[PDB]
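In the block that follows, a single chain appears as structure tokens, in the form deposited in one PDB entry.
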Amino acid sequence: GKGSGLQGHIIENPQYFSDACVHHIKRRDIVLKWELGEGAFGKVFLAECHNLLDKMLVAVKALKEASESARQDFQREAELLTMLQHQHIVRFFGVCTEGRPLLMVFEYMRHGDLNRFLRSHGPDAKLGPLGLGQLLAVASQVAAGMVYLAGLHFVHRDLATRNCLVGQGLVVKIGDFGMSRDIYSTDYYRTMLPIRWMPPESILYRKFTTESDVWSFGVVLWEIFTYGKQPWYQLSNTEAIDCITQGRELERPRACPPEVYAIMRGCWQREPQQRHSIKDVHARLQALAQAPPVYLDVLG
């Protein structure tokens, strides 16, 4: 998991420790149905898992036969994923290390990644549309997952809608399979970095922090309010990099009320220390999701 938030946390946290006691699933209890996605180092399948909770649907990541260091990384990642337990973090069920391929088992998120979900439920629908209340509920749930990660001093490093998943009844959780660099290659710039989601200190120094994650969340909000459009879509990577470092801001989306644009702007302060905390950003979004702004409302 080169440059993953999972490995970066293990490397950097001096108080972190974990024994090797992850939940093990017997290979015979996993029955693959069909492929969901493919990357350079793995494949993701939809599967049925017996004796897990009865017969239930899961997302299974299979590793393309790995070197000793790749197998050691698989183990490190599995231990940390066991620890990340939150209502808005994709649930990790365990591993299958008896025989090959090595498997990681996750809960199945039936509506797929949030970027595909937004694009298929918005204007000129990619093959019904999401209302403002639903867009705010999606934003508030990604914000809740980020509050949990910040509380652990866990830096995501790649927060974007492609790295969020959608389940039953509009449930949104942060989670990926580590293959967004292959599936969404145009969202990275070559060591591949998601520059369009990155603040100036991340581009300049490859510095990733809780504050760079807040900026990326501001970019996620803009993605949500444009129904999955790519930030700086009219520009090349080099022109986007110049916009970011020179202080150009993304425009207010048509579906975005001014009070919500103000939230994105608080995430986008060029000075990291001036960015709003994710706790405050989540509280305002949760309040708006339950009382959505109305165009031409009498405010007083």
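Throughout, rigid core stands for the largest set of C-alpha atoms superposing within 1.5 Å between the two forms. Note that residue numbering begins at 1 and tracks the sequence as displayed.
RMS Cα deviation from the shown model in 8 other deposited structures of this protein, rigid core fit, is larger for 35-43 than for the other stretch of the pair 35-43 / 242-250. After a core fit, the C-alpha atoms in 8 other deposited structures of this protein lie farther on average from the shown form in one of 128-136 and 78-86, namely 128-136. Of the other structures of this protein that model both sides of residue 66, a third or more give it no coordinates. Compared with other PDB entries of the same protein, residue 280 is present in all of those that resolve the residues around it, none of them, let alone a third, dropping it.
Counting the unmodelled positions of the deposited sequence between residue 190 and residue 191 gives a gap of 4 to 9 residues. For the pair 180-188 and 88-96, the mean Cα B-factor is higher in 180-188. In this entry, 36-44 has the higher mean Cα B-factor, the comparison being between 246-254 and 36-44. As recorded in the PDB entry, 126 shows the highest C-alpha B-factor of the residues 196, 162, 126, 153. Per the deposited record, the Cα B-factor of residue 168 falls in the highest third when ranked against the other modelled residues of its chain.
Among the modelled residues of the chain, residue 133 sits in the lowest third by CA temperature factor in this PDB entry. The deposited CA B-factor of residue 157 belongs to the lowest third of values across its chain. Ranked by C-alpha B-factor against the other modelled residues of its chain, residue 200 falls in the middle third. When the modelled residues of the chain are ordered by their C-alpha B factor, residue 228 lands in the middle third.
There is another form of this protein, the form deposited with a small molecule bound, and it is not shown here; the text below is about that form.
Proximity of 44, 107 and 175 to the small molecule in the deposited bound form is complete: all three residues have a non-hydrogen atom within 4.5 angstroms.
Considering the small molecule in the deposited bound form, the lone stretch of 198-206, 220-228, 108-116, 134-142 in range is 108-116 [heavy atom distance within 4.5 Å]. Looking at residue 59, you'd find a heavy atom of it within 4.5 angstroms of the small molecule in the deposited bound form. Contact check for residue 266: no non-hydrogen atom falls within 4.5 Å of the small molecule in the deposited bound form. Interface membership of residue 165, defined by any non-hydrogen atom within 4.5 Å of the small molecule in the deposited bound form, is confirmed.
Contact check for residue 253: no non-hydrogen atom falls within 4.5 Å of the small molecule in the deposited bound form. Note on the partner interface in the deposited bound form: the residue among 242, 38, 249, 48 having a heavy atom within 4.5 angstroms of the small molecule is 38. For the candidate set 147, 96, 90, 130, a heavy atom within 4.5 Å of the small molecule in the deposited bound form is found for exactly one residue, namely 90.
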